[PDB]
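Considered here are two forms of the same protein chain, supplied as structure tokens in two stand-alone entries, structure 1 and structure 2.
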Structure 1
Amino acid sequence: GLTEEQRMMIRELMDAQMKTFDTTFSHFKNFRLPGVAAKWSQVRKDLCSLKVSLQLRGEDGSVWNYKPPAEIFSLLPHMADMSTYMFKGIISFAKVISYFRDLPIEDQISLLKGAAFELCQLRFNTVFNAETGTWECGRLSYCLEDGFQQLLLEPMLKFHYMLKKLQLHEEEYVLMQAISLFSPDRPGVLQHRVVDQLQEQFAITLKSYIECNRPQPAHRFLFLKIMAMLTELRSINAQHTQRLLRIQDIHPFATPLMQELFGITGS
């Protein structure tokens, strides 16, 4: 059974998610759009990107469709604007949680800087359509262009397909957000003992939630599947943070908020 303290934990996380996650993306406006030996090998590899088409449905029924060159610099401003919009909701999600507010302001910044990418992938997975390969963001749509096995070779795209195949509830998604946010091993945290105890309570609640609501054999080892996926997300987070910071050093693109979460000072 679920204890009252565990039911209160989920209720505060779900209430935090409802107040800070605009699932319809109705407040995402005024965003930019694409215009109308070694190291060379890394620069070429970092500037690869997936072939994703963009759709913008107008309120009057009109549709704008963008198809990328069948380089990625034309797509960086728009992706940075969506990143900032997602980051604003994530930061708001953390500051409405009582457990996060009670931490020192330096540990709040350290936790947010280490989990902003992971919480963005977790929220974006809830709007991902695995059958059509499309991220439906309100009037915006991001469709993967043509196969699937070769596209599932990229770890982040493979993470999105695997996490969607688990068919998780909204409460399980918001508990992965809490486990990722309250990571005691993030660089710069000072209250590692408090954050570690909080993460363990979030993980126990997720484990108890799965056992009390998913008795089917298809959900066997589901908690361990989720924990292993959250570990892979931290590795994707560390790998793609390095890729973006190498792109920023060549072609600056990061917004002010993205610079703060990356540690960029402006020199």
Structure 2
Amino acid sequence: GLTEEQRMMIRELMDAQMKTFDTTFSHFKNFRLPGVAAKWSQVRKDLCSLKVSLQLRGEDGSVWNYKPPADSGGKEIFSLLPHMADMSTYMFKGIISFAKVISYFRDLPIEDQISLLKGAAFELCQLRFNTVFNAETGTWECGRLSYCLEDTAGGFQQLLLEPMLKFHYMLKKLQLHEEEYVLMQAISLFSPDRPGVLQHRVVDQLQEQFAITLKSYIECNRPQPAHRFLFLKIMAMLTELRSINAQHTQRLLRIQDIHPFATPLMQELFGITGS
């Protein structure tokens, strides 16, 4: 059964989530849009992470639709980067507000707050993006914006070869509750193994408590044979998200080295000093 401390932990996380997650993206406005050496550039073909179609549904009922180009050996592969940087920044701001509303996070030293945010911001963004992911249509439904995955030669199986997309499809298939998503966010945020964390023992004990609460929540609310080992499946998903995070940071820094695009907040979270 759930203890009162566990019920209070979940409510504190759930309240932080509702206050800082605009599930309709209604305040994402004024964002940029796409217009109307050599082995560096060769691995920079990783920008096929910008093979997304874009839809904007106006309040008037009008619809704008963007189909991205194909790589012709030029600068056209960067066309989606400024927009995606603006969405990541909007999402990052939501993640930061989330952490700052949590009492457990507020009580940590400010240096550890920064170290935990720098270490986990991307992971918490993906966890939030999973909740608006449509696994049937392969689209992230962000209110009036929709990000559709463009048809690949292999179709769904080829898309599931990119770890990020496989994570989204696999995590979506677990059909988690809002409470389980927010506990995943807590476990990812309070990670003692992050570079620069001073209060390593406090952060570790907090992470352990969030994990017991998730384990207990699943045990109390999910008796069905389909949810056997669910707690352990979630923990492995978070271990994989850390590897995707590390892979994504390297991919991002390589693009930034060639074609700078990162916003000030992204630079801060990724350590880019401006010099």
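Along the sequence of structure 1, residues get numbers from 1 upward. Only residues modelled in both forms are compared. If you superpose the two forms and keep the largest set of C-alpha atoms that fall within 1.5 Å, you have the rigid core.
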Following superposition of the rigid core, which of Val43, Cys212, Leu56, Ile204 is the only residue with a C-alpha displacement of 2 Å or more between the two structures? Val43
Could you check how much the CA of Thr132 shifts between the two structures after a rigid core fit, in angstrom? 0.7
Considering only residues present in both forms, which runs of at least 3 consecutive residues have all C-alphas displaced by 2 Å or more between the two structures after core superposition? 37 to 51
